[PDB]
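These notes are about the structure you will find just below.
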Amino acid sequence: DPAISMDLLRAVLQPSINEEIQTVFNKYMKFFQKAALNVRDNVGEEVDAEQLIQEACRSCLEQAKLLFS
Amino acid sequence: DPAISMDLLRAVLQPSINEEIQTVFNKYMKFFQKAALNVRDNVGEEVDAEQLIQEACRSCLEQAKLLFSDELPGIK
């Protein structure tokens, strides 16, 4: 299955690609942190700021898939 | 819902983040291109090499979501 061989290469490259993606996101993290703290500061204790930050980061990656449509 | 402020920020940052992601993937693209051509050469004409490359790139982004989930493949 052609998708499987591609996937084996993908797995090989993932650790390097992850490291560079982390370095990219580190530059933006402060913006997400501030915005998520803002939400918590306005709404209250029942807002999990860390979870808002993580969801927003995962969404960015989801939307970045449109680079490869 | 006030937490939609996260989405809006995200939409604002996306173009910049997308440019840097592209720059990252350009360094690895030659591996994916060679592998996809190898598959097409060894299976036949009905393999779309471009589509194999794209699907592998999207999978990379999917797996990169583990960086931001509650160990992780990395270079450190």
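Size of the dipole of the protein assembly as shown about the Cα centre, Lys and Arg at +1 and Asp and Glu at -1 on the beta carbon, nothing else charged, in debye to 20? Present the calculation step by step, with values, prior to reporting the outcome.
Working: 15 positive and 24 negative charges, 125 e Å.
Result for the protein assembly as shown is approximately 600 debye, rounded to the nearest 20.
Computed on alpha carbon atoms, what radius of gyration and Dmax characterise chain B, expressed in Å?
Gyration radius and largest Cα-Cα distance of chain B: 16.7, 53 Å.
Using θ = phi - 60° and the Karplus relation 6.51 cos²θ - 1.76 cosθ + 1.60, list the HN-Hα couplings for region B:47-55 in order, rounded to whole Hz, with x at every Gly or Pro.
In residue order, the calculated couplings are 8, 8, 5, 5, 5, 5, 4, 5, 5 Hz.
Identify the GluC sites (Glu not before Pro) of region A:22-69 meeting these criteria: DSSP loop state and at most 12 other C-beta atoms within 10 Å of the C-beta.
Values: sites: A:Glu45, A:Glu46, A:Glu50, A:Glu55, A:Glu62; in loops: A:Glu45, A:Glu46.
When the GluC sites (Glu not before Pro) of region A:22-69 are filtered for loop state and at most 12 Cβ neighbours within 10 Å, A:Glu45, A:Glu46 remain.
Taking neighbour counts of Cβ atoms within 10 Å as a proxy for exposure, in what order, fewest first, do A:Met6, B:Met29 appear?
Numbers: A:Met6 22, B:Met29 12.
Ascending number of Cβ neighbours within 10 Å: B:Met29, A:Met6.
Between region B:1-17 and region A:1-54, what is the separation of their alpha carbon centroids in Å?
13
Considering chain A as a Gaussian network with a 10 Å cut-off on Cα pairs, which listed residue, A:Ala36, A:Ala56, A:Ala11, attains the greatest mean-square fluctuation?
Highest fluctuation among the options: A:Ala11.
Report, ordered by chain and residue number, the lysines lying within cross-link reach of A:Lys30, taken as a straight Cα distance under 30 Å and ignoring same-chain residues fewer than 8 apart.
Straight-distance partners of A:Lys30: A:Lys65, B:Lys27, B:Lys65, B:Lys76.
Normalised by the empirical 2.2 N^0.38 Å for globular proteins, what value does the Cα Rg of the protein assembly as shown take?
After normalising by residue count via 2.2 N^0.38 Å, the value is 1.20.
Looking only at other chains, what is the average number of their beta-carbon atoms within 10 angstrom of each beta-carbon in A:18-30? Write out the running numbers ahead of the final one.
On the way: counts 11, 7, 10, 13, 7, 3, 8, 6, 0, 4, 6, 1, 0.
Per residue, the average neighbour count from other chains is 6.
P(r) of region A:27-69 in 5 Å steps, Cα pairs, percent per bin?
All Cα pairs, binned at 5 Å, distribute as 5, 23, 25, 19, 13, 8, 4, 2 percent.
Every read-out reported here was derived from the displayed coordinates using simple, explicitly stated rules and does not represent laboratory data. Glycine also receives a Cβ, built like all others from the backbone with ideal geometry; neighbour counts cover every protein chain displayed.
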